[PDB]
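A.B. asks: 3D, please:
(chains A and B)
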Amino acid sequence: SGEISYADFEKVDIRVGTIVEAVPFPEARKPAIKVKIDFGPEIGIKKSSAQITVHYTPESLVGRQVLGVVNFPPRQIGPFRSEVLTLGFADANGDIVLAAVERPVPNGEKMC
Amino acid sequence: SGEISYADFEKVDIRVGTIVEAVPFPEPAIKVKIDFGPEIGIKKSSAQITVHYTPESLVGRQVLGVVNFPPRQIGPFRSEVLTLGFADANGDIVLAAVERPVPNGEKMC
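C.D. replies: Residues are numbered from 1 along each chain as shown, chains lettered A, B, ... in the order given. Provided below are the atomic coordinates:
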């Protein structure tokens, strides 16, 4: 990807939030989990989903802080209307590892 | 922020890398070198991260960085990437991280 300005980075609104609900998404083509993430009092609770069943479980995900893009338009993923892209990386086997914060931070803080 | 497209997000190139060197930057900051793997290589950065971190606690840590800004001089120091983080409840910087080890140079998506 070509070089960018700070403005073109800053306009992408990435926030940290805490997963408050997680359930399997068996309707999806690939194995996946649906979550609700609390992004703090201003942004509120937002829906997302991800192919994160290899390393994570609905039971263990609740309470984890994740990073998400919060300013996309909603995305219909089969029957599920997602509001946020939950961010991660492929590991050495291609399985998804979640982005995180090194220690707890207020929900709704912007990445910078 | 106002609404953006997937394409707008794709213009931003954020990678995971490993801090391989860290030294204090009196002027409060720390200068780091980050290994972003075989395609990108070693990149320099500096950050006001002295409240929660030291050079000793940094070296070996994986961090996230924007790798596609123009490089900039800070006196003789050539800063090449933005090391990503968040303000804590007191305004002090907490590093973005990965939940478990990932190959250096993988793209955030």
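
A.B. asks: got the residues of chain A near chain B?
C.D. replies: Residues of chain A lying close to chain B (CB under 8 Å from any CB of the partner chain) are A:1-4, A:6, A:8-13, A:16, A:55, A:64, A:67, A:69, A:71-73, A:85, A:87-92, A:97-106, A:109-112. Yep, even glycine has a C-beta here, placed from its N, CA and C like the rest.

A.B. asks: buried ones among those?
C.D. replies: Neighbour-count burial (16 or more other CB atoms under 10 Å in any protein chain shown) applied to those gives A:4, A:9, A:11-13, A:16, A:64, A:67, A:69, A:71-72, A:85, A:87-89, A:91, A:97-102, A:105-106, A:109, A:111.

A.B. asks: among these, which are in strands?
C.D. replies: Judged by DSSP state E, strands contain the following of those: A:16, A:67, A:69, A:85, A:88, A:89, A:97, A:98, A:99, A:100, A:101.

A.B. asks: list the contacts for the closest residue to chain B within chain A?
C.D. replies: At 3.9 Å from chain B, residue A:13 is the closest residue in chain A, using CB to the nearest CB. By CB atoms under 8 Å, 6 or more residues apart in numbering or on different chains, the contact set of residue A:13 is A:69, A:70, A:71, A:110, B:1, B:4.

A.B. asks: repeat the analysis, applying 6 Å as the threshold.
C.D. replies: Contacts for residue A:13 (CB atoms under 6 Å, 6 or more residues apart in numbering or on different chains) come out as A:70, A:71, B:1.

A.B. asks: how about the nearest residue to the last one, chain neighbours excluded?
C.D. replies: This points to residue B:1. Nearest non-adjacent residue to residue B:1, counting by CB to CB, 6 or more residues apart in numbering or on different chains: residue A:13, 3.9 Å away.

A.B. asks: and that neighbour, its phi and psi?
C.D. replies: In terms of degrees, to the nearest 10, the main-chain angles of residue A:13 are phi -100, psi 100.

A.B. asks: what's the answer for residue A:81, then?
C.D. replies: Dihedral angles for residue A:81 - degrees, to the nearest 10 - are phi -100, psi 100.
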